[PDB]
Participant: 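Below: one structure in structure tokens.
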Number of protein chains: 2
Amino acid sequence: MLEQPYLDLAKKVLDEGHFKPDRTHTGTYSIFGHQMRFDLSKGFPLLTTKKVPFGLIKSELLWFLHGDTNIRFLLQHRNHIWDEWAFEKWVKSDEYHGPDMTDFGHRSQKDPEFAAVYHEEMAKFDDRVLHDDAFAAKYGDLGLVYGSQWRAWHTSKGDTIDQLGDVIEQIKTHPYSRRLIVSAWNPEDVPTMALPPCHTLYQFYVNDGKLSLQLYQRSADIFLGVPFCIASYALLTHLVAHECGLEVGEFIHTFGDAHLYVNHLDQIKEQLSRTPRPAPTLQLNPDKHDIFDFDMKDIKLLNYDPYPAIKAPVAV
Amino acid sequence: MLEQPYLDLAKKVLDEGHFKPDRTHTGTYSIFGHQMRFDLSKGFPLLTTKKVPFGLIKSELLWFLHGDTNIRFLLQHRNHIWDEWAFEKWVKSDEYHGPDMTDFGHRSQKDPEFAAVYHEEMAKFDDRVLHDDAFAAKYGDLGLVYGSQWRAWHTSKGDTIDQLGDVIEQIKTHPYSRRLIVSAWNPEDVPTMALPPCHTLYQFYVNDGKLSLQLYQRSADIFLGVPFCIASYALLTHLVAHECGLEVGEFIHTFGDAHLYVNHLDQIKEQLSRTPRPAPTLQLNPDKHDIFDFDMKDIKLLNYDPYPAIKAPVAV
Ligand SMILES: C#CCN(Cc1ccc2[nH]c(N)nc(=O)c2c1)c1ccc(C(=O)N[C@@H](CCC(=O)O)C(=O)O)cc1
Ligand SMILES: C#CCN(Cc1ccc2[nH]c(N)nc(=O)c2c1)c1ccc(C(=O)N[C@@H](CCC(=O)O)C(=O)O)cc1
Ligand SMILES: O=c1ccn([C@H]2C[C@H](O)[C@@H](COP(=O)(O)O)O2)c(=O)[nH]1
Ligand SMILES: O=c1ccn([C@H]2C[C@H](O)[C@@H](COP(=O)(O)O)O2)c(=O)[nH]1
């Protein structure tokens with residue numbers, strides 16, 4: 001089965017993972033250096049042993065591909081994955097006149113009524129973003145996110161480089177190149193970032209008319225993150241390929257610090273009692289070729305028969 | 001035996017490696033995505049199945065650790081690994097009055113007498129570098145090399161960041177961090193570089209009082225390059241550890257495009273007929289702790305009993 005590597009990584013961490021604490025003060029089980037391989041010609045690696053929302057995955061990837069960094073687009077697509085980051089900037093800034101949200105993410109799990117106040121406060125902020133173009137302009141723009149890291153790298157001369165755009169052009173002109181790399185790591189920015197990119201660097205490769213892609217993830221949440229990441233990068237390996245007119249080869253996920261939060265142990269064991277079903281299948285619109293102009297309707301997932309969704313808490 | 005992974009990578013490429021040409025127009029056998037693991041507590045990974053020059057490895061690493069980018073230091077240490085790059089800039093510039101060296105690297109293998117002319121021309125340039133401080137200042141400074149990428153990253157504000165310096169400080173204050181990353185990839189520079197860094201990115205990790213390091217190599221010459229690289233990065237994992245007062249764990253070498261030049265096939269097979277001996281041992285000076293102030297005499301390699309050196313041609 002196509003998703004075996006993910007189960008193995010999960011089992012493995014459970015078995016060889018050494019205890020290791022972190023920022024959130026919640027302990028974890030970590031390993032260092034791992035590498036999975038998913039033959040993308042066998043099917044699309046969307047977990048069948050637990051329901052993963054492909055809709056959110058598409059929304060987020062297209063956002064990146066547009067070089068966009070404002071929440072407004074994602075919001076219009078019912079995507080709220082990046083809300084806390086915008087919200088957090090709104091609460092620590094001027095004008096915010098409302099219940100003190102200091103430590104909203106952490107407290108939400110503990111104070112019940114607080115969760116109520118915060119959830120509506122959030123609901124309001126999002127509405128303002130979504131409608132007040134002025135507000136969106138200053139609170140919905142996350143700044144340094146994958147969208148601007150891949151397609152608008154700031155140069156020392158006050159200019160901008162479209163890493164993804166250029167790399168794609170190169171795949172077309174020099175497929176056998178070894179410099180097909182897109183970095184999301186800027187030494188100038190990381191020192192003062194809310195969250196340096198976990199999806200640190202990827203590189204393309206072409207051989208036998210097939211496109212492959214390797215992603216280097218400095219840090220991974222095996223339960224919550226990895227499941228999205230695989231699908232997210234597997235989608236791109238499909239997009240770029242389609243555009244360049246190659247076939248799809250395999251996705252290679254290399255890990256730095258792969259961990260499993262102690263509060264996710266039961267749930268992950270719960271998933272390990274499942275037997276993966278046949279993998280779903282991606283269907284891309286044949287009329288469109290400019291991935292930069294792709295839309296939600298141009299990507300279709302067929303035969304997605306998963307197990308119910310396994311619920312687990314976000315440990316900040 | 002400690003170096004088994006390297007043999008396996010070699011055998012593997014020979015067995016699953018698909019043909020793939022490149023810039024030098026010499027064909028290669030490539031694979032995409034590999035990952036070796038060397039437990040550094042078992043010994044120092046310097047190849048015993050073929051003599052590797054640890055002297056050059058030390059010279060080069062210290063050069064990097066000093067944030068230096070000029071050939072003069074390396075020259076004083078009889079190191080000529082980076083000569084062609086300096087020489088190449090001298091020949092394509094003004095003032096060069098002598099035999100046209102256009103395509104010296106490639107031609108050297110073909111025109112015998114040419115090799116003679118070029119070799120002495122080189123000998124002269126190096127002497128000028130080594131003695132004329134003015135000359136060295138403009139022809140010996142390679143510019144963007146690991147030394148300035150690790151310890152003098154140019155920011156958009158015309159400043160400079162000491163990635164290595166800072167990361168080291170972090171290991172001391174926050175060992176369990178997942179942001180211990182040093183990048184040698186600058187999207188602003190790669191577009192116009194003679195050779196973008198093959199040793200693209202490394203990340204540190206600390207657990208159980210042991211320091212580990214993973215290196216991401218976008219491109220590798222399995223015969224000539226990989227042997228140096230392992231030892232080079234294994235030395236650093238030892239240096240930083242010593243400084244931070246941790247123990248050494250393991251070195252993890254992840255590969256993007258790992259290849260074997262077609263003109264190295266015989267020689268690599270030749271090496272595969274060998275049986276690795278016990279690994280050598282690194283001995284660091286206990287009195288010094290500032291790796292930035294380390295010198296050739298502060299690093300000692302014990303029990304290095306290798307097989308003779310296997311000769312193979314440099315395919316540009
Ligand atoms: C993906 C991604 C990158 N990111 C950014 C990001 C930031 C910090 C992180 N912290 C940790 N430990 N793991 C992560 O996956 C993680 C991811 C995400 C951020 C939020 C959600 C999210 O809210 N959805 C969760 C929980 C939903 C809920 O509360 O019910 C989910 O399970 O999908 C998902 C991903
Ligand atoms: C190391 C490194 C990075 N580098 C930079 C660099 C640049 C282009 C490359 N090209 C290829 N195919 N492989 C490499 O290892 C390589 C390395 C090196 C550059 C030169 C030598 C060198 O001259 N020594 C060779 C050959 C010596 C000889 O001519 O006799 C050797 O075998 O050591 C070694 C390493
Ligand atoms: O695909 C993803 C994206 C983000 N994160 C996680 C990584 C860390 O658990 C946390 C960020 O903490 P640091 O690694 O930066 O310390 O967010 C993932 O696990 N997977
Ligand atoms: O440790 C090292 C350093 C450099 N090179 C090689 C990689 C490529 O063979 C060549 C550079 O060519 P590109 O990958 O940039 O095309 O130099 C290595 O193999 N190993």
Side-chain angles (χ1 to χ4, degrees), chain A residues 22-24 26 28 30 50-53 56-57 60-61 79-85 105 108-109 119 145-146 178 190 193-200 215 217-233 253 255-261 263-264 309-316, chain B residues 22-24 26 28 50-53 56-57 60-61 79-85 105 108-109 115 119 145-146 174 176-181 194-195 197-199 203 217 219-229 231-232 259-261 263-264 309-316:
Chain A
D22 62 291
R23 54 172 189 144
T24 51
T26 307
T28 65
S30 300
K50 98 174 183 174
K51 192 177 171 192
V52 190
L56 307 192
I57 294 180
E60 188 189 33
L61 183 62
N79 197 328
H80 294 261
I81 289 180
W82 294 84
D83 283 41
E84 297 183 290
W85 303 105
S108 289
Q109 309 154 70
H119 289 353
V145 182
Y146 291 106
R178 305 161 185 138
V190 308
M193 291 212 266
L195 195 95
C198 298
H199 305 151
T200 312
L215 183 252
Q217 192 173 336
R218 65 169 194 66
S219 174
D221 176 339
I222 284 173
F223 195 54
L224 310 198
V226 177
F228 278 63
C229 193
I230 304 181
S232 184
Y233 285 79
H253 203 171
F255 295 92
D257 187 334
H259 48 268
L260 177 93
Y261 287 99
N263 73 325
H264 292 179
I310 298 178
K311 198 289 300 162
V314 287
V316 181
Chain B
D22 62 291
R23 54 172 189 144
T24 51
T26 307
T28 65
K50 98 174 183 174
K51 192 177 171 192
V52 190
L56 307 192
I57 294 180
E60 188 189 33
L61 183 62
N79 197 328
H80 294 261
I81 289 180
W82 294 84
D83 283 41
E84 297 183 290
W85 303 105
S108 289
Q109 309 154 70
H119 289 353
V145 182
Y146 291 106
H174 307 323
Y176 297 131
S177 177
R178 305 161 185 138
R179 297 119 99 123
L180 283 28
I181 300 180
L195 195 95
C198 298
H199 305 151
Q203 164 180 11
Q217 192 173 336
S219 174
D221 176 339
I222 284 173
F223 195 54
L224 310 198
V226 177
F228 278 63
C229 193
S232 184
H259 48 268
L260 177 93
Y261 287 99
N263 73 325
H264 292 179
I310 298 178
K311 198 289 300 162
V314 287
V316 181

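Both backbone and side-chain heavy atoms feed into the values below; hydrogens, waters and symmetry mates do not. We name chains A, B, ... by the order of the sequence lines, and we start the count at 1 in each one. Indexing begins at 1, ligand by ligand and atom by atom, following the structure's order.
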Participant: For atom 7 (C) of ligand 1, which protein heavy atom lies nearest, and how many Å away is it?
Facilitator: A:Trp85 CZ2, 3.8 Å

Participant: Tell me: protein heavy atom nearest atom 11 (C) of ligand 3, and distance?
Facilitator: A:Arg23 NH2, 3.0 Å

Participant: Counting each atom of ligand 1 from 1 as listed, which ones have a heavy atom of A:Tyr261 under 4.0 Å away?
Facilitator: 12 (N)

Participant: Can you tell which of B:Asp22, B:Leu56, B:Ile81 gets a heavy atom nearest to atom 3 (C) of ligand 2?
Facilitator: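 Among B:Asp22, B:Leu56, B:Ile81, the closest heavy atom to atom 3 (C) of ligand 2 comes from B:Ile81.
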
Participant: What I want to know is whether A:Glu60 and ligand 1 share at least one N or O pair that is separated by under 3.5 angstrom.
Facilitator: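 No, no N or O pair falls under 3.5 Å.
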
Participant: Give a yes/no verdict on whether any heavy atom in A:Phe223 is under 4.0 Å from an atom of ligand 1.
Facilitator: no

Participant: Nearest heavy atom to atom 7 (C) of ligand 3 wins, so pick from A:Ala315, A:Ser219, A:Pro196.
Facilitator: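 Of the listed residues, A:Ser219 has the closest heavy atom.
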
Participant: Just checking A:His199 against A:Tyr146, ring centres under 6.0 Å apart?
Facilitator: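 For A:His199 and A:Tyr146, the ring centres are under 6.0 Å apart.
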
Participant: Check ligand 1 against A:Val314 and write out every atom of the ligand that is under 4.0 Å from a heavy-atom position of the residue.
Facilitator: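 The atoms of ligand 1 under 4.0 Å from a heavy atom of A:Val314 are 26 (C).
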
Participant: Among all protein heavy atoms, pick the one closest to atom 6 (C) of ligand 2 and tell me residue, atom and distance.
Facilitator: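 Of every protein heavy atom, B:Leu195 CD2, 4.6 Å lies nearest to atom 6 (C) of ligand 2.
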
Participant: Counting heavy atoms only, which of A:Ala194, A:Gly256, A:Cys198, A:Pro227 is nearest atom 4 (C) of ligand 3?
Facilitator: A:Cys198

Participant: Do you see a protein non-hydrogen atom under 4.0 Å from atom 16 (C) of ligand 1?
Facilitator: no

